[PDB]
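Residue numbers (the deposited numbering), protein chains in the order written: chain A, 1 to 166; chain B, 0 to 168.
Here a beta-carbon is modelled for each residue, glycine too, at the ideal position from N, C-alpha and C.
See below for the structure under consideration.
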Ligand SMILES: [Tb+3]
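Structure representation (C-alpha cells):
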C-alpha cells in the first residue's frame with residue numbers, strides 16, 4: 001500500500017512524513033498544489049510526488065475571525081449549491097477553503113464571489129491551486145530535473161488539464 | 000508516463016473523466032474517492048489503482064428543509080473551527096455529509112454532542128456513522144482487493160488516520 005500525506009504547509013508536511021517514517025511506513029507519497037511543498041517532500045525522501053492540479057483553495061485573511069467566518073459562510077452556501085466538496089481549516093488569521101468536484105465555469109464564479117465577499121466584509125482573499133497547463137508542464141519538469149522518479153497528477157476535472165497530455 | 004488520478008464524487012463524472020484520459024492514450028489511470036461505490040465501479044470498468052480518502056469522524060444530517068441543513072452546516076463549521084478541526088462538507092440531496100479530522104478522540108466526542116444538539120434545534124436527524132473508522136476502511140479495502148484492486152493508496156490530511164491505517168495495514 002501507499003500512504004498519501006495531503007500537505008497544506010511545508011513544516012506540517014515534514015512533521016507528518018517523519019511521524020510515519022518513525023512507525024516504519026515504506027511508501028510515503030506527498031500530495032500538494034504547492035510546488036515548494038513538493039520540492040521539500042522530494043529532498044526529505046518522499047517516495048511519490050502527487051501534483052494536485054484540480055479544485056481551488058480560497059484563503060480569507062484578517063484579524064476579525066468573525067468577519068472571516070461570515071465571508072466563509074457565503075462561500076460555503078454557494079459551493080454546496082454547485083455540488084462542491086468543501087474543506088475548511090482556521091490556521092491563525094487564515095481561514096483556508098479547499099473546493100473540489102466542480103467544473104471550471106463554477107471555479108471562476110466562486111473565485112469572483114470570494115473577491116466580492118473580501119471587499120464587502122473588508123478582508124483579504126488569495127486564490128491558489130488549479131494553475132495553468134504551461135505552469136504545470138514547467139514545474140513538473142523542475143521536479144523531474146531535481147530527481148523526482150515518481151510523479152502522479154490528480155484532478156477532479158481533466159477537460160482543461162488534458163491539454164498537458166498533448 | 001505518469002499515473003493520472005481522477006478524483007470523483009459522482010460515478011458518471013468519474014467514468015467520463017477516465018474516458019477523456021483513455022481517449023488521449025493515458026496508460027495508468029487511478030481513481031480517488033471517499034465513495035466505495037465509485038471505487039468499485041472504477042474496477043468494474045477495468046481500473047486497478049485506487050485512492051481511498053474518506054477517513055475521520057463521519058456525520059450525516061437529513062431533512063426535507065434544505066435551508067435548515069445549510070444552517071446546521073454553518074453551525075457545525077463554527078464549532079469545528081473553534082476546536083481547531085478540519086471539516087469537509089458535501090450536500091447530497093436531503094443529506095448533508097460531514098467529515099471531521101485533525102483532532103484527538105476527546106475532541107471528537109465533544110463535536111458529536113454539538114451535532115446531536117444542532118439536529119434537535121433545526122428539526123433534522125443526525126447519523127453518527129462509523130464510515131470514517133479505519134476498521135470500516137480496512138473491511139472496504141479488502142473488498143476492493145477481491146474486486147481486482149492491484150494498487151491501493153490511503154490518503155488523509157490527518158497523520159492520526161494514516162498512522163492507524165499503517166499499524167493495521
Ligand atoms: Tb488526492
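Residue i and residue j closer than 8 angstroms at C-beta
i, j, result
"residue 127 (chain A)", "residue 114 (chain A)", "yes"
"residue 110 (chain A)", "residue 49 (chain A)", "no"
"residue 165 (chain B)", "residue 3 (chain A)", "yes"
"residue 33 (chain A)", "residue 6 (chain B)", "no"
"residue 53 (chain A)", "residue 101 (chain A)", "no"
"residue 77 (chain B)", "residue 69 (chain A)", "yes"
"residue 31 (chain A)", "residue 14 (chain A)", "no"
"residue 58 (chain B)", "residue 125 (chain B)", "yes"
"residue 17 (chain A)", "residue 62 (chain A)", "no"
"residue 106 (chain A)", "residue 51 (chain A)", "no"
Residues that residue i bridges to, as DSSP identifies them
i, result
"residue 36 (chain B)", "For residue 36 (chain B), which the question treats as bridged, DSSP gives no partner whatsoever."
"residue 94 (chain B)", "B:61, B:91"
"residue 127 (chain A)", "A:58"
"residue 160 (chain B)", "Per DSSP, none; premise fails for residue 160 (chain B)."
"residue 49 (chain A)", "A:30, A:151"
"residue 20 (chain B)", "Looking at the DSSP assignment, residue 20 (chain B) forms no beta bridge with any residue, so it has no partner."
"residue 3 (chain B)", "A:153, B:28"
"residue 99 (chain B)", "B:56, B:86"
Rounded C-alpha distance that separates residue i from residue j
i, j, result
"residue 97 (chain A)", "residue 83 (chain B)", "14 angstroms"
"residue 73 (chain A)", "residue 145 (chain B)", "42 angstroms"
"residue 80 (chain B)", "residue 94 (chain A)", "11 angstroms"
"residue 38 (chain A)", "residue 9 (chain A)", "11 angstroms"
"residue 0 (chain B)", "residue 28 (chain B)", "11 angstroms"
"residue 11 (chain A)", "residue 42 (chain A)", "14 angstroms"
"residue 26 (chain B)", "residue 85 (chain B)", "35 angstroms"
"residue 60 (chain B)", "residue 66 (chain B)", "12 angstroms"
"residue 122 (chain A)", "residue 99 (chain B)", "29 angstroms"
"residue 56 (chain B)", "residue 133 (chain B)", "10 angstroms"
"residue 135 (chain B)", "residue 116 (chain A)", "42 angstroms"
"residue 44 (chain A)", "residue 150 (chain A)", "14 angstroms"
"residue 138 (chain A)", "residue 162 (chain A)", "15 angstroms"
"residue 118 (chain A)", "residue 90 (chain A)", "16 angstroms"
"residue 22 (chain B)", "residue 92 (chain A)", "45 angstroms"
"residue 24 (chain A)", "residue 168 (chain B)", "12 angstroms"
"residue 75 (chain B)", "residue 108 (chain B)", "14 angstroms"
"residue 112 (chain A)", "residue 64 (chain A)", "22 angstroms"
Check: residue i C-beta below 7 angstroms from any heavy atom of ligand 1
i, result
"residue 12 (chain B)", "no"
"residue 98 (chain A)", "no"
"residue 154 (chain A)", "yes"
"residue 158 (chain A)", "no"
"residue 52 (chain B)", "yes"
"residue 66 (chain A)", "no"
"residue 31 (chain B)", "yes"
Whole-Å CB distance - residue i paired with residue j, under 8 angstroms assumed
i, j, result
"residue 160 (chain A)", "residue 120 (chain A)", "Not really, about 29 angstroms apart at Cβ, beyond 8 angstroms."
"residue 20 (chain B)", "residue 158 (chain A)", "6 angstroms"
Any non-hydrogen atom of ligand 2 closer than 7 angstroms to residue i Cβ
i, result
"residue 6 (chain B)", "You won't find ligand 2 in this model; what it holds is ligand 1."
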